[PDB]
Amino acid sequence: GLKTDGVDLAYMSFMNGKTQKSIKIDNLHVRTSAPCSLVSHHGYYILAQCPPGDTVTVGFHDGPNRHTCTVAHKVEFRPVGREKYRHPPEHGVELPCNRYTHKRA
Amino acid sequence: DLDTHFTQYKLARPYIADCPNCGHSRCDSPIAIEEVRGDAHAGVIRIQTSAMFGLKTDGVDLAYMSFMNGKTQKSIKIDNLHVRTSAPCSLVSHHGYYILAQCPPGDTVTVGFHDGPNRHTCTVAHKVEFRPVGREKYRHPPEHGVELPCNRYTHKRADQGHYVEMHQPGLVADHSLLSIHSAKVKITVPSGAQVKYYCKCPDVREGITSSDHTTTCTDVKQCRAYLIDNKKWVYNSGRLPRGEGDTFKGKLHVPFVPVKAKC
Amino acid sequence: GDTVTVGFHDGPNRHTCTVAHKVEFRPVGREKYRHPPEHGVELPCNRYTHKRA
Amino acid sequence: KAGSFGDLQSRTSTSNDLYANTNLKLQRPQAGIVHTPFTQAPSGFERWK
Amino acid sequence: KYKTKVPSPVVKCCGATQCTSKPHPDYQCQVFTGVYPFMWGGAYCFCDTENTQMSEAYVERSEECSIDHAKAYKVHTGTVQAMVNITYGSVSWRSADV
Ligand SMILES: *[C@@H]1O[C@H](CO)[C@@H](O[C@@H]2O[C@H](CO)[C@@H](O[C@@H]3O[C@H](CO)[C@@H](O)[C@H](O)[C@H]3NC(C)=O)[C@H](O)[C@H]2NC(C)=O)[C@H](O)[C@H]1NC(C)=O
């Protein structure tokens with residue numbers, strides 16, 4: 001999110017040592033069965049558009065090292081509707097899905 | 001002989017359209033994916049980006065990369081293309097708007113390069129499979145086995161077996177034009193291009209001009225920021241607005257014909 | 001994965017290699033997962049080493 | 001019939017005329033964005049394979 | 001298999017654009033209003049309901065239609081053939097189509 005102090009959501013503070021490292025987000029990678037798409041980060045928390053996947057597999061690139069993290073979690077994406085797609089299309093009717101926001105406020 | 005299809009190259013531009021799930025949601029990517037064709041057998045898909053990679057703006061090196069940034073192209077290196085699906089695909093070849101890539105099956109298709117400052121990808125739904133031709137229902141082509149008459153797309157460009165209509169672009173929005181003349185909304189022009197202009201109020205009603213001002217209206221949000229810039233034709237994407245004037249010329253081939261390769 | 005697909009990056013070129021091979025990962029147990037969890041019981045699986053010696 | 005075999009029916013390959021009962025039904029694009037909803041049966045040549 | 005090779009829709013910004021039934025095979029075309037088409041600068045047509053969008057799509061033979069294509073026939077009886085070998089007698093050879 002912001003740095004240690006005050007600026008720019010699109011920077012990147014993890015812990016290296018006992019210490020933070022509040023620097024740029026350059027090469028984040030969430031992924032699953034396929035590489036996901038980031039949606040937004042705020043705080044400890046990231047939203048990302050993923051396909052289905054038996055697992056979840058996350059990781060940035062500090063620059064000297066890959067330094068990723070991975071986990072098990074059953075994932076699916078049924079769209080709301082009597083159609084059991086695997087993925088959202090470009091067209092079709094709109095109807096009341098459940099979904100997370102882009103925003104922070 | 002990469003210099004035999006200036007039909008497309010000189011005369012077509014990297015089109016920009018509305019990608020459906022462009023990382024976040026519906027952006028307008030230059031690599032907006034239309035006409036996914038998982039209809040062959042060889043692990044291959046022929047795709048059309050709205051972007052015209054290939055030679056540069058002018059004359060050199062298929063393996064460079066021209067998409068639209070702004071109203072403008074950006075004819076630079078292809079460095080980090082990524083087509084992908086359920087897994088990362090393998091590029092086969094690009095020519096014009098069009099790329100061939102060896103993919104596995106996938107519920108979707110998901111494309112993207114890396115300009116260098118940004119990921120800047122584009123993704124789409126399309127049912128993909130790869131049955132090989134044969135009474136064996138594999139999921140993937142092996143190293144060995146018999147050869148027999150599959151359907152498959154070529155590596156090459158020296159290709160005329162079909163041609164798709166590629167006439168002009170319609171206008172496009174560009175509100176970077178509509179600046180302010182310190183009290184009035186101020187339009188400009190790219191290079192003397194044809195800017196089609198008026199506002200909700202009564203002022204100049206067509207707009208075929210150099211940089212105009214706007215006597216009447218003030219707000220940028222009630223004016224016609226348009227670019228009739230038909231010096232280079234486009235692909236006739238469904239995600240194109242019609243060039244209302246005419247069906248201009250620009251019949252243009254397809255490289256990746258489906259051919260009777262023996263996979 | 002239906003296949004296996006390998007590759008490094010020399011730096012000027014991708015220069016990968018890919019192959020067919022039927023892959024699965026059943027964990028040992030009467031549970032037919034698709035992936036190893038963080039927790040659960042330990043029991044005698046078959047597996048390759050980290051090491052060289 | 002659309003979806004069924006022969007949704008596209010061209011006399012030959014050259015024949016510009018044909019019969020295309022595909023039940024192609026356009027729908028309006030969503031939320032003020034340029035695109036073309038074409039709602040259509042994938043071919044009776046897709047099935048039949 | 002078809003290819004819905006969509007011709008690029010018209011977008012009139014303030015008022016209607018009546019479509020006509022062009023002679024393309026299965027030329028489906030339907031006028032639409034009530035748009036606000038985001039195209040690279042947000043929307044571009046300054047109206048909000050008079051924004052009109054005319055979608056048109058016709059069916060066309062795939063490029064695979066030339067090469068990967070089923071093929072019907074009305075089949076009558078015709079006339080059967082054979083490359084009959086006779087290694088006759090002492091002649092010992094003829095392999096002829098009959
Ligand atoms: C005529 O009737 C014959 C019925 O057996 C068949 O003709 C056969 O053609 C083969 C190829 O011309 C011959 O094989 C060759 O035979 C010689 C002599 O024995 C060998 O040196 C050769 O190696 C061998 N060729 C190979 C590739 O092995 C057969 O000998 C010959 N049959 C006989 C009895 O001599 C065919 O059914 C028919 N010919 C047609 C249809 O062309």
# chains A, B, ... in the order shown; residues from 1 in each chain; ligands from 1
>>> residues_around(residues="stretch 30-40 of chain D", least_positions_apart="4", cutoff="9 Å", atoms="only C-alpha atoms", output="PyMOL selection string")
(chain A and resi 90-94) or (chain B and resi 17-18+26+237-241) or (chain D and resi 2-3+22-26) or (chain E and resi 4+6+8-9+11+34-39+43+53+55-57)
>>> write_last_selection(atoms="N, CA, C and O atoms", output="compact mmCIF listing (two decimals), in the first residue's frame")
# COMPACT_ATOMS: atom_id res chain seq x y z
N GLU A 90 -17.95 -11.40 -22.52
CA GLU A 90 -18.00 -9.98 -22.85
C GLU A 90 -19.41 -9.43 -22.88
O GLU A 90 -19.59 -8.22 -22.74
N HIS A 91 -20.40 -10.30 -23.07
CA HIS A 91 -21.77 -9.88 -23.31
C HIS A 91 -22.70 -10.71 -22.45
O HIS A 91 -22.24 -11.44 -21.56
N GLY A 92 -23.99 -10.61 -22.70
CA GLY A 92 -25.00 -11.28 -21.91
C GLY A 92 -25.69 -10.32 -20.97
O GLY A 92 -25.35 -9.14 -20.85
N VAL A 93 -26.68 -10.86 -20.28
CA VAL A 93 -27.49 -10.07 -19.37
C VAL A 93 -26.70 -9.77 -18.11
O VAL A 93 -25.78 -10.51 -17.73
N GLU A 94 -27.04 -8.67 -17.45
CA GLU A 94 -26.54 -8.35 -16.13
C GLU A 94 -27.56 -8.78 -15.09
O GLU A 94 -28.77 -8.63 -15.29
N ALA B 17 -9.54 -1.40 -29.34
CA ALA B 17 -10.93 -1.73 -29.06
C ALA B 17 -11.07 -2.01 -27.57
O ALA B 17 -10.13 -1.82 -26.79
N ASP B 18 -12.24 -2.51 -27.19
CA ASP B 18 -12.63 -2.65 -25.79
C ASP B 18 -12.43 -4.09 -25.35
O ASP B 18 -13.28 -4.95 -25.59
N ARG B 26 -13.44 -4.16 -18.08
CA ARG B 26 -13.44 -3.74 -19.47
C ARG B 26 -12.62 -2.47 -19.65
O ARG B 26 -13.10 -1.37 -19.39
N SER B 237 -13.46 -4.74 -36.87
CA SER B 237 -13.88 -5.33 -35.61
C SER B 237 -15.32 -4.98 -35.31
O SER B 237 -15.82 -3.92 -35.68
N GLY B 238 -16.00 -5.89 -34.62
CA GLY B 238 -17.28 -5.54 -34.04
C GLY B 238 -17.15 -4.44 -33.01
O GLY B 238 -18.09 -3.69 -32.78
N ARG B 239 -15.98 -4.31 -32.40
CA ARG B 239 -15.73 -3.26 -31.42
C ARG B 239 -15.14 -2.02 -32.06
O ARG B 239 -14.38 -1.28 -31.42
N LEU B 240 -15.47 -1.77 -33.32
CA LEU B 240 -15.18 -0.58 -34.07
C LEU B 240 -16.45 0.25 -34.27
O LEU B 240 -17.51 -0.32 -34.53
N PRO B 241 -16.40 1.57 -34.12
CA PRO B 241 -17.48 2.39 -34.66
C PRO B 241 -17.30 2.63 -36.14
O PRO B 241 -16.19 2.90 -36.62
N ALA D 2 -30.66 -24.32 -37.19
CA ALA D 2 -29.46 -23.79 -36.56
C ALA D 2 -29.04 -24.68 -35.40
O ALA D 2 -29.87 -25.19 -34.64
N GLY D 3 -27.74 -24.89 -35.30
CA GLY D 3 -27.18 -25.84 -34.36
C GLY D 3 -27.12 -27.21 -34.95
O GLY D 3 -26.10 -27.89 -34.84
N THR D 22 -28.49 -19.86 -38.56
CA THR D 22 -27.70 -19.96 -37.34
C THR D 22 -28.42 -19.40 -36.13
O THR D 22 -27.87 -19.46 -35.02
N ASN D 23 -29.62 -18.86 -36.30
CA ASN D 23 -30.33 -18.20 -35.22
C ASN D 23 -29.49 -17.07 -34.64
O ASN D 23 -29.47 -16.82 -33.44
N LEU D 24 -28.75 -16.40 -35.52
CA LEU D 24 -27.93 -15.28 -35.12
C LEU D 24 -28.83 -14.15 -34.65
O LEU D 24 -29.62 -13.61 -35.43
N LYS D 25 -28.72 -13.80 -33.37
CA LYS D 25 -29.53 -12.76 -32.76
C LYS D 25 -28.61 -11.79 -32.06
O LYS D 25 -27.98 -12.14 -31.05
N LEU D 26 -28.52 -10.58 -32.58
CA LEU D 26 -27.73 -9.55 -31.94
C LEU D 26 -28.45 -9.03 -30.71
O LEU D 26 -29.68 -8.95 -30.69
N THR E 4 -18.99 -15.55 -37.71
CA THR E 4 -19.75 -14.32 -37.54
C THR E 4 -18.78 -13.15 -37.74
O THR E 4 -18.35 -12.49 -36.80
N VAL E 6 -18.43 -10.01 -38.15
CA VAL E 6 -19.23 -8.83 -37.87
C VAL E 6 -18.72 -7.64 -38.67
O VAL E 6 -17.54 -7.28 -38.54
N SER E 8 -18.45 -3.69 -38.79
CA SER E 8 -18.26 -2.82 -37.66
C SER E 8 -19.48 -1.92 -37.45
O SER E 8 -19.84 -1.18 -38.37
N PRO E 9 -20.11 -1.92 -36.28
CA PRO E 9 -21.40 -1.25 -36.14
C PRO E 9 -21.31 0.25 -36.30
O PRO E 9 -20.27 0.87 -36.09
N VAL E 11 -22.46 3.97 -35.05
CA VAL E 11 -22.81 4.67 -33.83
C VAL E 11 -23.13 6.10 -34.20
O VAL E 11 -22.23 6.94 -34.32
N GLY E 34 -29.96 4.12 -26.58
CA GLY E 34 -29.68 4.08 -25.16
C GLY E 34 -28.30 3.54 -24.86
O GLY E 34 -28.16 2.56 -24.14
N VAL E 35 -27.29 4.18 -25.44
CA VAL E 35 -25.90 3.84 -25.18
C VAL E 35 -25.15 5.11 -24.81
O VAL E 35 -25.71 6.19 -24.71
N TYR E 36 -23.87 4.94 -24.55
CA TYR E 36 -22.99 6.00 -24.08
C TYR E 36 -21.58 5.45 -24.27
O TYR E 36 -20.84 5.24 -23.30
N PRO E 37 -21.19 5.23 -25.51
CA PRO E 37 -20.13 4.26 -25.81
C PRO E 37 -18.73 4.67 -25.38
O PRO E 37 -18.09 5.48 -26.05
N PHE E 38 -18.24 4.07 -24.30
CA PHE E 38 -16.86 4.30 -23.88
C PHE E 38 -15.90 3.83 -24.95
O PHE E 38 -15.78 2.63 -25.21
N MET E 39 -15.20 4.77 -25.58
CA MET E 39 -14.23 4.46 -26.62
C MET E 39 -13.02 5.37 -26.42
O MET E 39 -12.94 6.44 -27.01
N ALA E 43 -16.88 8.00 -22.88
CA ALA E 43 -17.81 8.08 -24.00
C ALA E 43 -17.34 9.15 -24.97
O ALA E 43 -16.41 9.91 -24.70
N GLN E 53 -26.82 3.08 -31.69
CA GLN E 53 -25.85 2.06 -32.06
C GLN E 53 -26.58 1.05 -32.93
O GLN E 53 -27.56 0.46 -32.50
N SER E 55 -26.07 -2.35 -34.74
CA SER E 55 -25.27 -3.55 -34.87
C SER E 55 -25.74 -4.34 -36.08
O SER E 55 -26.95 -4.47 -36.33
N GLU E 56 -24.78 -4.86 -36.84
CA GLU E 56 -25.06 -5.68 -38.00
C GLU E 56 -24.06 -6.82 -38.03
O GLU E 56 -22.87 -6.61 -37.79
N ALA E 57 -24.55 -8.01 -38.35
CA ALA E 57 -23.69 -9.17 -38.45
C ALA E 57 -24.30 -10.14 -39.45
O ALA E 57 -25.51 -10.40 -39.40
>>> residues_near_ligand(ligand="ligand 1", cutoff="12 Å", atoms="only C-alpha atoms and all ligand atoms", output="PyMOL selection string")
chain E and resi 82-88+91-97
>>> closest_residue(among="A:17, A:43, A:64, A:35", to="residue A:1", atoms="only C-alpha atoms")
A:43
>>> interface_residues(of="chain B", to="chain E", cutoff="7 Å", atoms="only C-alpha atoms", output="VMD selection string")
chain B and resid 28 151 162 172 to 175 222 to 225 236 to 242 244 257 to 258
>>> residues_around(residues="stretch 13-16 of chain B", least_positions_apart="4", cutoff="9 Å", atoms="only C-alpha atoms", output="PyMOL selection string")
(chain B and resi 8-9+28-32+49-53+57+66-69+73+96-97+169+232-235+237+239-240) or (chain E and resi 39-40)
>>> write_last_selection(atoms="C-alpha atoms", output="JSON list (two decimals), in the first residue's frame")
[["chain", "number", "residue", "atom", "x", "y", "z"],
["B", 8, "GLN", "CA", -1.65, -4.57, -44.66],
["B", 9, "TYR", "CA", 1.57, -3.15, -43.28],
["B", 28, "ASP", "CA", -9.78, -0.35, -24.09],
["B", 29, "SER", "CA", -6.69, -2.37, -24.98],
["B", 30, "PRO", "CA", -4.92, -2.13, -28.35],
["B", 31, "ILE", "CA", -4.56, -5.92, -28.15],
["B", 32, "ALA", "CA", -8.32, -6.39, -27.78],
["B", 49, "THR", "CA", -5.42, -8.60, -31.75],
["B", 50, "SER", "CA", -6.71, -5.22, -32.70],
["B", 51, "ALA", "CA", -3.02, -4.34, -32.49],
["B", 52, "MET", "CA", -0.97, -4.68, -35.67],
["B", 53, "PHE", "CA", 2.41, -6.03, -34.67],
["B", 57, "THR", "CA", 5.26, 1.90, -38.72],
["B", 66, "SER", "CA", 3.39, -1.66, -32.95],
["B", 67, "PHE", "CA", 0.32, -1.09, -30.80],
["B", 68, "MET", "CA", -1.61, 2.11, -30.22],
["B", 69, "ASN", "CA", -0.70, 4.32, -27.27],
["B", 73, "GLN", "CA", 1.32, 3.95, -32.56],
["B", 96, "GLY", "CA", -0.40, -8.10, -39.32],
["B", 97, "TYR", "CA", -3.13, -7.91, -36.70],
["B", 169, "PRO", "CA", -11.75, 3.43, -38.98],
["B", 232, "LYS", "CA", -4.67, 4.16, -42.36],
["B", 233, "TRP", "CA", -7.45, 1.58, -42.54],
["B", 234, "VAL", "CA", -8.32, -0.94, -39.81],
["B", 235, "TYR", "CA", -9.72, -4.35, -39.20],
["B", 237, "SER", "CA", -13.88, -5.33, -35.61],
["B", 239, "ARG", "CA", -15.73, -3.26, -31.42],
["B", 240, "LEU", "CA", -15.18, -0.58, -34.07],
["E", 39, "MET", "CA", -14.23, 4.46, -26.62],
["E", 40, "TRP", "CA", -10.75, 5.49, -25.43]]
>>> interface_residues(of="chain C", to="chain B", cutoff="10 Å", atoms="only C-alpha atoms", output="compact mmCIF listing (two decimals) with C-alpha atoms, in the first residue's frame")
# COMPACT_ATOMS: atom_id res chain seq x y z
CA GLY C 1 -1.07 -31.57 -16.12
CA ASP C 2 -1.74 -33.35 -19.37
CA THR C 3 1.73 -32.26 -20.52
CA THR C 5 6.58 -27.85 -20.43
CA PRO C 12 18.27 -13.11 -25.79
CA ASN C 13 15.68 -15.83 -26.34
CA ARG C 14 13.03 -17.84 -24.54
CA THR C 16 12.09 -23.60 -24.01
CA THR C 18 7.86 -29.03 -24.00
CA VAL C 19 6.58 -32.60 -23.98
CA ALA C 20 3.57 -34.81 -23.43
CA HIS C 21 3.22 -36.72 -20.20
CA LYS C 22 0.21 -37.75 -18.16
>>> atom_distance(atom1="atom CA of residue B:127", atom2="atom CA of residue B:38")
7.5 Å
>>> closest_residue(among="D:12, D:20, D:5, D:47", to="chain E", atoms="only C-alpha atoms")
D:20
>>> atom_distance(atom1="atom CA of residue E:23", atom2="atom CA of residue D:21")
14.3 Å
>>> select_by_dssp(residues="stretch 7-255 of chain B", states="strand (DSSP E or B)", output="PyMOL selection string")
chain B and resi 12+22+25+33-37+44-49+54+64-69+72-77+82-84+88+90-95+98-102+106-112+121-128+149+152-153+163-165+173+179-180+185-186+194+199+223+226+228+233+251-253
>>> closest_atom_pairs(of="chain B", to="chain A", cutoff="12 Å", atoms="only C-alpha atoms", output="tab-separated table")
residue	atom	partner	partner_atom	distance
B:18	CA	A:90	CA	9.6
B:19	CA	A:90	CA	8.2
B:20	CA	A:90	CA	5.1
B:21	CA	A:90	CA	7.6
B:22	CA	A:37	CA	8.5
B:23	CA	A:37	CA	5.0
B:24	CA	A:39	CA	5.1
B:25	CA	A:39	CA	8.5
B:26	CA	A:90	CA	8.4
B:27	CA	A:90	CA	11.5
B:32	CA	A:90	CA	11.4
B:33	CA	A:90	CA	10.8
B:34	CA	A:90	CA	10.7
B:82	CA	A:35	CA	11.0
B:83	CA	A:35	CA	11.4
B:84	CA	A:34	CA	8.4
B:85	CA	A:34	CA	7.2
B:86	CA	A:34	CA	5.4
B:87	CA	A:34	CA	5.7
B:88	CA	A:34	CA	7.7
B:89	CA	A:34	CA	11.0
B:104	CA	A:34	CA	11.9
B:106	CA	A:86	CA	9.5
B:107	CA	A:86	CA	6.2
B:108	CA	A:87	CA	6.8
B:109	CA	A:87	CA	10.0
B:110	CA	A:35	CA	9.5
B:111	CA	A:35	CA	11.2
B:112	CA	A:37	CA	11.4
B:114	CA	A:27	CA	11.4
B:116	CA	A:26	CA	10.4
B:117	CA	A:26	CA	8.8
B:118	CA	A:26	CA	8.9
B:119	CA	A:27	CA	9.1
B:120	CA	A:37	CA	10.6
B:121	CA	A:37	CA	9.3
B:122	CA	A:37	CA	10.1
B:123	CA	A:37	CA	9.8
B:124	CA	A:89	CA	7.0
B:125	CA	A:89	CA	5.4
B:126	CA	A:89	CA	8.4
B:127	CA	A:86	CA	9.4
B:128	CA	A:86	CA	11.8
B:239	CA	A:90	CA	11.1
>>> write_last_selection(atoms="C-alpha atoms", output="PDB file, in the first residue's frame")
ATOM      1  CA  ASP B  18     -12.630  -2.650 -25.793  1.00  0.00           C
ATOM      2  CA  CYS B  19     -11.091  -5.650 -24.091  1.00  0.00           C
ATOM      3  CA  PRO B  20     -13.714  -7.417 -21.928  1.00  0.00           C
ATOM      4  CA  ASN B  21     -11.860  -8.335 -18.716  1.00  0.00           C
ATOM      5  CA  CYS B  22      -8.683  -6.320 -19.179  1.00  0.00           C
ATOM      6  CA  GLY B  23      -7.004  -7.340 -15.943  1.00  0.00           C
ATOM      7  CA  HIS B  24      -9.493  -5.473 -13.791  1.00  0.00           C
ATOM      8  CA  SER B  25     -12.502  -5.111 -16.053  1.00  0.00           C
ATOM      9  CA  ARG B  26     -13.437  -3.741 -19.470  1.00  0.00           C
ATOM     10  CA  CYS B  27     -10.590  -1.471 -20.558  1.00  0.00           C
ATOM     11  CA  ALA B  32      -8.317  -6.386 -27.776  1.00  0.00           C
ATOM     12  CA  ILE B  33      -8.978  -9.987 -28.732  1.00  0.00           C
ATOM     13  CA  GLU B  34     -11.557 -10.813 -31.365  1.00  0.00           C
ATOM     14  CA  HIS B  82       2.343 -13.634 -23.633  1.00  0.00           C
ATOM     15  CA  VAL B  83      -0.573 -15.474 -25.098  1.00  0.00           C
ATOM     16  CA  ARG B  84      -1.958 -17.860 -22.548  1.00  0.00           C
ATOM     17  CA  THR B  85      -4.907 -20.003 -21.544  1.00  0.00           C
ATOM     18  CA  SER B  86      -5.257 -22.511 -18.702  1.00  0.00           C
ATOM     19  CA  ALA B  87      -1.478 -22.690 -19.191  1.00  0.00           C
ATOM     20  CA  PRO B  88       0.964 -20.358 -20.930  1.00  0.00           C
ATOM     21  CA  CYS B  89       0.806 -20.875 -24.661  1.00  0.00           C
ATOM     22  CA  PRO B 104      -3.404 -26.148 -24.669  1.00  0.00           C
ATOM     23  CA  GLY B 106      -8.689 -23.685 -22.006  1.00  0.00           C
ATOM     24  CA  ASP B 107     -12.076 -22.321 -21.070  1.00  0.00           C
ATOM     25  CA  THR B 108     -10.759 -18.851 -21.933  1.00  0.00           C
ATOM     26  CA  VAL B 109      -8.039 -17.115 -23.889  1.00  0.00           C
ATOM     27  CA  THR B 110      -5.770 -14.609 -22.207  1.00  0.00           C
ATOM     28  CA  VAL B 111      -3.296 -12.480 -24.147  1.00  0.00           C
ATOM     29  CA  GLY B 112      -0.731  -9.899 -23.214  1.00  0.00           C
ATOM     30  CA  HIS B 114       4.773  -6.220 -21.504  1.00  0.00           C
ATOM     31  CA  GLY B 116       8.005  -2.439 -19.862  1.00  0.00           C
ATOM     32  CA  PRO B 117       6.317   0.050 -17.533  1.00  0.00           C
ATOM     33  CA  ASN B 118       3.090  -1.950 -17.360  1.00  0.00           C
ATOM     34  CA  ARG B 119       1.702  -5.428 -17.887  1.00  0.00           C
ATOM     35  CA  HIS B 120      -1.058  -4.196 -20.181  1.00  0.00           C
ATOM     36  CA  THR B 121      -2.728  -7.476 -21.137  1.00  0.00           C
ATOM     37  CA  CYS B 122      -6.063  -8.525 -22.605  1.00  0.00           C
ATOM     38  CA  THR B 123      -8.247 -11.513 -21.927  1.00  0.00           C
ATOM     39  CA  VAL B 124     -11.380 -13.084 -23.353  1.00  0.00           C
ATOM     40  CA  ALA B 125     -13.745 -16.028 -23.160  1.00  0.00           C
ATOM     41  CA  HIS B 126     -13.525 -18.763 -25.749  1.00  0.00           C
ATOM     42  CA  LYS B 127     -14.158 -22.489 -25.570  1.00  0.00           C
ATOM     43  CA  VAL B 128     -10.918 -24.172 -26.631  1.00  0.00           C
ATOM     44  CA  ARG B 239     -15.726  -3.263 -31.424  1.00  0.00           C
TER      45      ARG B 239
END
>>> closest_residue(among="D:49, D:43, D:14, D:27", to="chain E", atoms="only C-alpha atoms")
D:43
>>> residues_around(residues="residue C:33", least_positions_apart="5", cutoff="12 Å", atoms="only C-alpha atoms", output="ChimeraX atom specification")
/A:54-55,72-74 /C:24-28
>>> atom_distance(atom1="atom CA of residue B:212", atom2="atom CA of residue B:228")
15.2 Å
>>> decode(residues="stretch 37-53 of chain C", atoms="N, CA, C and O atoms", output="compact mmCIF listing (two decimals), in the first residue's frame")
# COMPACT_ATOMS: atom_id res chain seq x y z
N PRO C 37 -2.20 -30.06 1.40
CA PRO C 37 -2.60 -28.97 2.30
C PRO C 37 -1.46 -28.54 3.21
O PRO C 37 -0.33 -29.02 3.12
N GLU C 38 -1.79 -27.62 4.11
CA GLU C 38 -0.87 -27.15 5.14
C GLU C 38 -0.87 -28.03 6.37
O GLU C 38 0.11 -28.02 7.13
N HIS C 39 -1.94 -28.78 6.59
CA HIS C 39 -2.14 -29.52 7.83
C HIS C 39 -2.61 -30.92 7.49
O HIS C 39 -2.56 -31.33 6.33
N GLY C 40 -3.05 -31.66 8.50
CA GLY C 40 -3.44 -33.04 8.35
C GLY C 40 -2.37 -33.98 8.87
O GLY C 40 -1.28 -33.58 9.29
N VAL C 41 -2.72 -35.26 8.84
CA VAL C 41 -1.85 -36.29 9.36
C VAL C 41 -0.69 -36.51 8.39
O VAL C 41 -0.80 -36.25 7.19
N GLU C 42 0.43 -36.98 8.93
CA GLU C 42 1.54 -37.45 8.13
C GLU C 42 1.47 -38.96 8.00
O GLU C 42 1.12 -39.66 8.96
N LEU C 43 1.81 -39.47 6.82
CA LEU C 43 1.73 -40.89 6.55
C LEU C 43 2.60 -41.19 5.34
O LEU C 43 2.95 -40.28 4.59
N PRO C 44 2.96 -42.45 5.13
CA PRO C 44 4.13 -42.77 4.31
C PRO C 44 3.94 -42.58 2.81
O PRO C 44 3.49 -43.50 2.12
N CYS C 45 4.23 -41.39 2.32
CA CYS C 45 4.16 -41.13 0.89
C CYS C 45 5.45 -41.54 0.19
O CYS C 45 6.46 -41.88 0.81
N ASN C 46 5.39 -41.51 -1.13
CA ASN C 46 6.53 -41.69 -2.00
C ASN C 46 6.88 -40.36 -2.64
O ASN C 46 6.00 -39.62 -3.08
N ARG C 47 8.17 -40.06 -2.69
CA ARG C 47 8.62 -38.71 -2.94
C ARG C 47 10.11 -38.74 -3.20
O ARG C 47 10.81 -39.66 -2.77
N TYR C 48 10.59 -37.72 -3.90
CA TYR C 48 11.99 -37.58 -4.22
C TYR C 48 12.67 -36.59 -3.28
O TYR C 48 12.03 -35.73 -2.67
N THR C 49 13.99 -36.73 -3.18
CA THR C 49 14.75 -35.98 -2.20
C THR C 49 15.05 -34.58 -2.70
O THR C 49 14.91 -34.26 -3.88
N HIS C 50 15.50 -33.75 -1.78
CA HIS C 50 16.09 -32.48 -2.15
C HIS C 50 17.52 -32.62 -2.61
O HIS C 50 18.02 -31.76 -3.35
N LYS C 51 18.19 -33.70 -2.21
CA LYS C 51 19.64 -33.68 -2.11
C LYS C 51 20.31 -34.36 -3.29
O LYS C 51 19.67 -34.87 -4.21
N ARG C 52 21.63 -34.34 -3.25
CA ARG C 52 22.52 -34.86 -4.28
C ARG C 52 23.38 -36.02 -3.80
O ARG C 52 23.74 -36.87 -4.62
N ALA C 53 23.70 -36.08 -2.51
CA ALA C 53 24.60 -37.09 -1.96
C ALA C 53 23.87 -38.42 -2.02
O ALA C 53 23.32 -38.92 -1.03
